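Sharing a structure, written as structure tokens. Questions coming.
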Amino acid sequence: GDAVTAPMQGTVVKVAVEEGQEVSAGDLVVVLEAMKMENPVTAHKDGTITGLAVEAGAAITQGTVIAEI
Amino acid sequence: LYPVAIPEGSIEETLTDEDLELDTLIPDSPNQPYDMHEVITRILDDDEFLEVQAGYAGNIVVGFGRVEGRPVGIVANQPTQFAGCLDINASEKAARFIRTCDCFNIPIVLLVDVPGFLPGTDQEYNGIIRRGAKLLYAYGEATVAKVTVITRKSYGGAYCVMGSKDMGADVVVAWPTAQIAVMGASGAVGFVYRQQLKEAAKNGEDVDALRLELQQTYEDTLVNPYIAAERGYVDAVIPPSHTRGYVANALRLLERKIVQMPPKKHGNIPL
Amino acid sequence: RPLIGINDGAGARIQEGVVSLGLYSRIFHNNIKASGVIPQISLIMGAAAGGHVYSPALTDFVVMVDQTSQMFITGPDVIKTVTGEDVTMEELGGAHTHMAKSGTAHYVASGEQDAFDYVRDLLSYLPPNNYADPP
Amino acid sequence: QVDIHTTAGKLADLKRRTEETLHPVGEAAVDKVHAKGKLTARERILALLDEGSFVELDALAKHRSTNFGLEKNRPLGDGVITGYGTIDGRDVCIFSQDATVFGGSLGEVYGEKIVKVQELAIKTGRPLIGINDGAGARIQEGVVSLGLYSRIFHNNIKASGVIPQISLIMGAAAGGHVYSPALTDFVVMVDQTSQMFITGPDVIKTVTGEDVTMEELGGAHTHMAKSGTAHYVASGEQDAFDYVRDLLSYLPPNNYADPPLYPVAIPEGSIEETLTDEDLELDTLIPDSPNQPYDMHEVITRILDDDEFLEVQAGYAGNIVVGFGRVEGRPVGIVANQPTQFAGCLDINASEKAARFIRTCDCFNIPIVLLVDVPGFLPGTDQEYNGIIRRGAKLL
Amino acid sequence: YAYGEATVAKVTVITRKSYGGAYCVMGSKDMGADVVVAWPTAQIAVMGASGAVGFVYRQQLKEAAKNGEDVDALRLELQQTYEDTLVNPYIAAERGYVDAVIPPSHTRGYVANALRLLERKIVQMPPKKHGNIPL
Amino acid sequence: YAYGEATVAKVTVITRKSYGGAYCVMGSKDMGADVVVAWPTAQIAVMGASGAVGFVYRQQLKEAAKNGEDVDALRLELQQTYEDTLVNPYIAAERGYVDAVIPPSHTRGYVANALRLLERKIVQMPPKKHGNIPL
Amino acid sequence: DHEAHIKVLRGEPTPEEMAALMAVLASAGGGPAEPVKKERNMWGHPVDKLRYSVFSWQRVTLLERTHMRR
Amino acid sequence: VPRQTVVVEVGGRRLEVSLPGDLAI
Ligand SMILES: CCC(=O)SCCNC(=O)CCNC(=O)[C@H](O)C(C)(C)COP(=O)(O)OP(=O)(O)OC[C@H]1O[C@@H](n2cnc3c(N)ncnc32)[C@H](O)[C@@H]1OP(=O)(O)O
Ligand SMILES: CCC(=O)SCCNC(=O)CCNC(=O)[C@H](O)C(C)(C)COP(=O)(O)OP(=O)(O)OC[C@H]1O[C@@H](n2cnc3c(N)ncnc32)[C@H](O)[C@@H]1OP(=O)(O)O
Ligand SMILES: *C(=O)CCCC[C@@H]1SC[C@@H]2NC(=O)N[C@@H]21
Ligand SMILES: *C(=O)CCCC[C@@H]1SC[C@@H]2NC(=O)N[C@@H]21
């Protein structure tokens with residue numbers, strides 16, 4: 001689908017996008033600290049970002065939506 | 001086989017600019033990911049790599065390449081997905097790729113950066129034990145040449161699974177950043193130095209400060225290539241730039257292997 | 001001849017370091033070599049953890065004891081820390097779990113004697129090796 | 001110094017350790033080794049192998065013993081340098097023992113390194129070259145060293161007849177160090193700087209009262225002329241390397257491979273029409289009188305290519321000559337009677353020498369040519385009592 | 001060579017001494033001995049205690065001679081310690097070179113059991129036309 | 001894969017149903033079944049009668065739909081005809097896929113005879129290092 | 001005189017162009033000029049790694065045949 | 001950078017031919 005969602009429970013260390021921004025496939029959207037690793041979560045398709053719901057320092061759960069692209 | 005020109009000289013003498021980049025590939029902090037395709041492309045011929053099951057279980061990358069014209073099968077941990085942890089899907093994908101390569105006499109190179117198995121109750125309930133033993137079985141039974149390059153982590157059972165020396169790996173080399181240990185320093189210090197970190201709390205000392213100091217000591221002393229190198233589980237600790245000429249040289253050495261195994265009608269791999 | 005392994009566990013001895021990992025790899029390699037050559041039966045009569053759980057997965061048969069045996073790669077504490085899930089050892093890797101859910105256990109025994117009886121019954125049907133005929 | 005917690009710092013630390021591996025016990029020991037006119041274990045490997053072809057294994061190894069304060073001293077490599085490389089472009093596994101680390105005595109990690117290279121050689125079907133220089137077992141370690149010796153001997157026996165095994169003796173090899181060389185196919189000692197013996201002169205003096213020097217007891221000349229154990233007595237380390245290379249030039253990499261075969265243009269015609277002047281020299285070689293001997297090397301050279309003949313055990317049992325040559329670029333093992341020694345009669349030592357040579361050639365697919373001028377066996381009660389029958393049947 | 005080459009069932013019983021290279025020659029474990037047992041009187045060591053002391057403690061012996069102490073008494077005491085500590089089957093048993101230390105009366109039974117267990121063996125060796133035993 | 005690979009004696013007893021790919025999986029004759037017997041209640045077909053009719057008679061059912069006939073009765077009539085004609089052990093018996101249609105009481109006798117005769121099957125696969133079973 | 005020669009089917013080059021063409025073609029030519037006989041090394045051949053049934057005809061037509069081809 | 005010089009005898013006439021030293025194909 002069009003939803004970019006967290007792959008695991010983790011801490012949002014960095015947000016690499018802003019609402020309404022256009023991003024390409026493979027572009028970094030957020031950074032999640034999980035299992036002692038700044039794992040990247042990236043866009044799987046080109047498009048405009050809508051519904052950005054991530055704040056730096058927030059602890060979020062697996063399956064939570066990072067954005068819609 | 002393809003005909004290629006072999007540059008004459010020592011492996012130190014025949015380094016290239018592309019090879020030198022591996023010396024800076026690995027980040028300074030152990031938490032920071034890197035893409036393992038960088039290593040794969042820099043060690044394969046013409047940077048050509050035919051991936052298999054690219055969109056499945058991204059935490060492990062399997063595919064075909066050539067080293068000096070010799071076809072090889074790459075199995076590599078991917079730090080950017082799930083920190084490179086092994087799981088059910090990665091185990092099955094890598095296991096069947098290895099068994100195909102062995103059926104058709106294609107040597108395998110394993111690029112290792114693995115912190116363990118992906119924790120979770122779903123893994124246990126779906127059979128991480130039974131279905132992860134498949135990769136162990138496949139690697140164990142492979143009789144083709146098997147080369148292992150350890151970049152960063154190799155911990156615990158993941159270490160045993162990912163081309164350990166005692167599992168039949170012919171040549172194991174480790175980068176200077178390799179971290180081979182039973183478990184992470186945090187859990188280790190939580191167990192060794194036990195009752196001491198508790199005596200500290202009983203006396204009211206800064207338990208957190210003592211832990212961090214003990215973790216630092218453990219990481220400095222043991223979480224590195226050299227204990228394993230001393231025991232012989234690592235054949236050589238090498239500069240990263242040397243990886244391509246060590247893989248090529250090792251495959252050339254192991255082009256002909258004889259391994260004796262007991263006679264069986266067929267094996268009993270877990271299903 | 002057949003090989004019977006009774007496992008209790010706790011995983012690798014942390015103080016000894018990677019030498020324990022080397023021995024685990026050697027043991028797994030021997031299990032793979034023996035696979036299909038000689039019968040291999042594993043009894044789980046304790047809490048098998050860490051690397052202790054991989055040799056049984058490679059053996060031919062697995063017999064767990066109902067309430068006094070567990071298999072799990074990573075402990076409930078690490079599972080809690082990483083995923084936030086709260087689970088006991090019994091739920092995580094109990095004999096019932098590995099029978100009903102993960103399909104790893106072949107027999108769940110009411111007691112240690114019952115497990116021994118089932119192992120003897122298994123051996124009554126099997127030959128000593130793949131070059132012999134079943135009794 | 002770069003921070004050890006950085007990637008560049010870890011790389012620099014690795015380079016520091018690698019540099020340390022070159023002189024594990026300090027530069028003074030290397031200076032002493034050179035001051036005696038000898039090469040170090042590393043220099044020996046680098047001189048024998050092709051330039052830049054050496055790949056090392058277990059370079060950073062340290063011993064694990066804690067007996068008698070051994071943990072105070074843990075040289076890198078544990079006193080042996082192991083790896084693989086090429087000689088004349090063909091791969092070979094190699095190990096070299098270092099006499100500056102505990103006198104070259106074998107310990108657990110030392111033996112494990114040797115065992116690793118042995119297993120690699122057997123697995124890959126490549127020749128194994130060992131350079132032996134050591135003072136027996138490392139006494140402080142105990143029976144673990146005996147166990148490792150057993151593993152090494154077992155590997156030698158397992159590889160016997162499977163891959164060519166060549167042992168160089170370039171120092172005092174005492175005690176258990178002597179049994180792997182005996183089990184290997186070829187042995188090359190250096191003239192005055194190498195010895196093999198089981199029991200030392202001190203114990204010999206204590207038990208039997210016999211005064212003997214180490215050179216007399218186990219010198220290269222002793223093991224050539226008396227014991228029949230050494231196959232070559234090199235005048236120097238480079239000479240030993242040259243002889244080893246010549247051996248490998250004739251031998252295949254393993255028993256499933258053919259010996260190297262040079263390309264030689266076969267002339268056309270019949271044998272009569274293809275005779276040469278060097279061939280015609282044979283028509284007049286045999287003396288008119290059967291009582292007059294002649295040197296069989298004359299025939300050997302005139303039948304072999306380029307008159308090139310690599311003799312084996314030249315100084316032992318001169319009444320029989322064995323060695324390697326090429327006929328039309330095809331390696332061959334020559335066994336020949338020598339009329340200039342004991343009238344060419346067969347005896348115990350000649351029989352054993354020729355028998356082992358023939359079995360080596362058969363193991364490694366090298367055809368044999370016999371040159372026969374033999375009146376019988378050397379008469380003597382000593383031959384009879386020492387077992388001319390039993391040990392003459394070995395050649396049969 | 002003969003012992004190492006042999007593929008038949010090989011059993012070793014040690015009574016008193018097994019020293020140095022003779023240990024390796026006479027049915028050592030790593031030479032392929034299937035079962036090794038040792039009597040309580042077994043003495044498995046690199047060399048006799050006399051030579052072992054004369055070498056391990058040599059610096060103390062010279063130091064004692066320089067200092068005028070009783071070098072002979074010191075040597076005998078060191079030798080006694082060495083014999084009581086290391087000249088016995090238990091270091092080898094610890095390393096696993098001896099499968100069991102047994103009462104001498106158990107020898108016939110152990111040998112019978114071992115032969116019955118080992119009546120069928122499979123040992124893999126590299127292919128060869130034939131060996132190259134020293135002659 | 002496991003069934004097709006097995007070279008031990010293989011006997012199949014079909015009691016009621018063997019449909020489609022499940023028929024192929026569960027001991028079909030061409031997958032290597034040494035003996036195949038079917039009880040009188042067996043039912044061997046490509047699929048169930050309902051789906052078979054809904055497919056092979058699409059033409060007539062759609063004509064009935066055009067003309068307003070009672071499709072809900074025509075379908076049942078055709079399904080009954082299909083069941084009475086083809087859902088039975090006899091078509092496979094005709095093709096030779098079933099060795100014999102036996103009364104249920106004969107099952108043990110047939111199985112015992114087959115196993116007695118098939119102790120050592122002279123069968124083989126093409127040479128290979130090993131198989132490539134799906135994982 | 002029964003060997004295949006180079007043919008200039010069309011065109012009439014002069015000696016200079018002929019020389020240039022031949023030099024370039026000779027330089028282009030290469031590969032194994034006078035190679036040594038390819039060394040036989042059956043160690044670890046794939047045929048030896050296969051499971052053969054004790055009564056398999058491939059023990060004759062594949063294993064023995066491969067080992068004996070010479 | 002280096003250049004190679006070769007000699008040809010087309011029809012017996014001597015010719016000197018200069019070719020690039022790194023000529024490929
Ligand atoms: C590759 C394998 C690995 O990576 S696993 C490495 C360690 N894994 C572990 O889970 C260790 C800790 N495990 C546990 O949670 C429990 O101790 C287990 C093993 C499940 C048993 O629980 P319980 O019955 O309460 O025993 P306990 O915790 O009181 O321990 C009893 C004694 O055993 C010891 N122990 C236990 N595990 C290890 C280990 N891995 N290495 C070394 N020692 C270990 C404990 O320290 C304790 O020793 P003591 O009797 O208190 O002196
Ligand atoms: C079981 C199979 C066996 O061989 S057990 C018996 C082993 N015993 C021996 O070989 C006797 C020891 N040998 C020696 O004395 C010499 O090393 C020989 C080989 C004679 C050569 O003499 P040389 O070149 O002068 O050496 P050295 O005597 O000065 O010794 C040099 C350093 O090495 C040491 N060393 C020697 N052998 C051993 C040994 N087997 N175990 C342990 N350490 C050994 C010496 O103590 C000496 O050490 P340091 O550097 O002087 O402190
Ligand atoms: C840190 O050591 C504790 C939490 C993270 C543990 C990581 S998660 C992925 C690896 N698998 C495992 O069991 N521990 C590692
Ligand atoms: C004169 O009678 C001398 C006889 C010599 C016999 C020779 S000697 C060497 C050979 N060995 C033997 O038995 N006869 C031959």
Side-chain angles (χ1 to χ4, degrees), chain B residues 262, chain C residues 1-6 30 34 38 123 128-129 132, chain D residues 108 111 137 139 141-155 157-158 175-176 179 198-199, chain E residues 1-52 79-98 100-125 133:
Chain C
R1 309 312 307 190
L3 173 68
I4 295 92
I6 293 153
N30 284 338
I38 50 158
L123 287 166
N129 61 73
Chain D
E108 185 181 359
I139 294 160
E141 298 205 16
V143 295
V144 65
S145 61
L146 306 185
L148 270 298
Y149 269 130
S150 280
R151 209 169 299 165
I152 289 168
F153 305 149
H154 195 63
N155 278 330
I157 293 152
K158 196 184 296 169
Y179 279 122
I198 297 169
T199 303
Chain E
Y1 192 102
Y3 185 86
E5 174 189 50
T7 42
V8 287
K10 308 184 286 205
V11 181
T12 301
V13 184
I14 309 183
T15 73
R16 288 200 305 180
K17 294 176 175 73
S18 197
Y19 285 177
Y23 167 78
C24 312
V25 177
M26 291 295 285
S28 55
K29 189 72 182 181
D30 287 272
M31 281 285 317
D34 302 298
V35 173
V36 179
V37 299
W39 289 5
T41 50
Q43 293 175 316
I44 306 159
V46 167
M47 64 191 306
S50 170
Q79 189 184 321
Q80 192 78 355
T81 303
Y82 194 95
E83 286 200 51
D84 291 350
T85 307
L86 296 175
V87 182
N88 54 56
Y90 298 112
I91 309 303
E94 277 178 38
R95 301 307 304 258
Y97 302 158
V98 170
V101 186
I102 66 162
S105 55
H106 283 62
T107 304
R108 180 184 56 76
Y110 262 68
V111 168
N113 219 176
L115 293 171
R116 170 160 53 259
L117 175 73
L118 296 157
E119 70 173 356
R120 290 181 185 85
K121 271 177 59 175
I122 288 188
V123 174
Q124 289 92 20
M125 299 306 225
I133 189 172

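What you see below is based on every heavy atom in this structure, not just the backbone, and it leaves out hydrogens, waters and symmetry mates. The chains referred to below are lettered A, B, ... by the order of the sequence lines, with proteins before strands, and numbering in each begins at 1.
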- Task: Could you please spell out the steps behind the side-chain contact (heavy atoms from CB on, under 4.5 Å) verdict for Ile139(D) and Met47(E)?
- Result: CA-CA 8 Å; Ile139(D) 294 160; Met47(E) 64 191 306; 3.7 Å; yes

- Scanning both residues in full, the closest heavy-atom pair of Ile152(D) with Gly111(D) reads CD1-CA, 4.1 Å

- Item | Spacing of CE belonging to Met31(E) relative to OH belonging to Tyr1(E), to within rounding of 0.5 Å | 10.5 Å

- Query: Does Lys17(E) use its side chain to pair, donor to acceptor, with the backbone of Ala42(E) at less than 3.5 Å?
  - Reply: no

- Item | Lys10(E) side-chain N/O to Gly27(E) backbone N/O, donor-acceptor pair under 3.5 Å | no

- Message: So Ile44(E) and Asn88(E), do their side chains get closer than 4.5 Å, heavy atoms only?
- Response: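 No, their side chains stay 4.5 Å or more apart.
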
- Task: Would you name the heavy atoms of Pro2(C) and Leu123(C) that are closest together and state the gap between them?
- Result: CB-CD2, 4.0 Å

- Query: What are the two closest non-hydrogen atoms of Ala114(E) and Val35(E), and how far apart are they?
  - Reply: CB-CG2, 4.1 Å

- Note on the structure: Of all heavy-atom pairs linking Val123(E) and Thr7(E), the shortest is CB-CG2, 4.3 Å

- Query: How many angstroms lie between atom CG of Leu146(D) and atom CD1 of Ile91(E), to the nearest 0.5 angstrom?
  - Reply: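 Rounded to the nearest 0.5 Å, the CG-CD1 separation comes out at 12.5 Å.
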
- Message: Do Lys29(E) and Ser150(D) make a side-chain contact, defined as non-hydrogen atoms from C-beta onward lying under 4.5 Å apart?
- Response: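 The answer is no, as the side chains (C-beta and beyond) never meet within the 4.5 Å cut-off.
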
- Okay, side chain of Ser145(D), backbone of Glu141(D): is any donor-acceptor separation there less than 3.5 Å? no

- Going by heavy atoms in the side chains, are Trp39(E) and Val13(E) under 4.5 Å from each other?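 Side chain of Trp39(E) against side chain of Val13(E), heavy atoms only: contact under 4.5 Å found.
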
- Are the ring centres of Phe153(D) and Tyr149(D) closer than 6.0 Å? yes

- Message: In the structure I gave you, are the side-chain heavy atoms of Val87(E) and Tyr82(E) within less than 4.5 Å of one another anywhere?
- Response: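 Yes. Closest side-chain heavy atoms under 4.5 Å.
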
- Message: Would you say that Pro262(B) contacts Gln124(E) through its side chain, given a criterion of any heavy-atom pair below 4.5 Å between the two side chains?
- Response: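 With C-beta onward as the side chain, the pair touches.
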
- Item | Candidate pair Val36(E) and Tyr97(E), rule side-chain contact (heavy atoms from CB on, under 4.5 Å), full reasoning | CA-CA 7 Å; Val36(E) 179; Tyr97(E) 302 158; over 6 Å; no

- Note on the structure: Tested for side-chain contact (heavy atoms from CB on, under 4.5 Å) against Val11(E), the lone hit among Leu117(E), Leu115(E), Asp34(E) is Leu115(E)

- Task: May I ask you to decide if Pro104(E)'s main-chain N or O and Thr107(E)'s side chain share a donor-acceptor pair within less than 3.5 Å?
- Result: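 Flag set: sc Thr107(E) to bb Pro104(E) pair under 3.5 Å.
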
- Contact summary for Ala33(E) and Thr12(E), nearest pair of heavy atoms: CB-OG1, 3.8 Å

- Task: For residues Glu83(E) and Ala49(E), report the shortest heavy-atom separation together with the two atoms involved.
- Result: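 Closest approach of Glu83(E) to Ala49(E), heavy atoms only: CG-CB, 3.2 Å.
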
- Could you check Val101(E) against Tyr90(E) for side-chain contact (heavy atoms from CB on, under 4.5 Å), going step by step and ending with a plain yes or no? CA-CA 8 Å; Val101(E) 186; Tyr90(E) 298 112; 4.2 Å; yes

- Carboxylate-amine/guanidinium contact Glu108(D) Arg151(D), below 4.0 Å: no

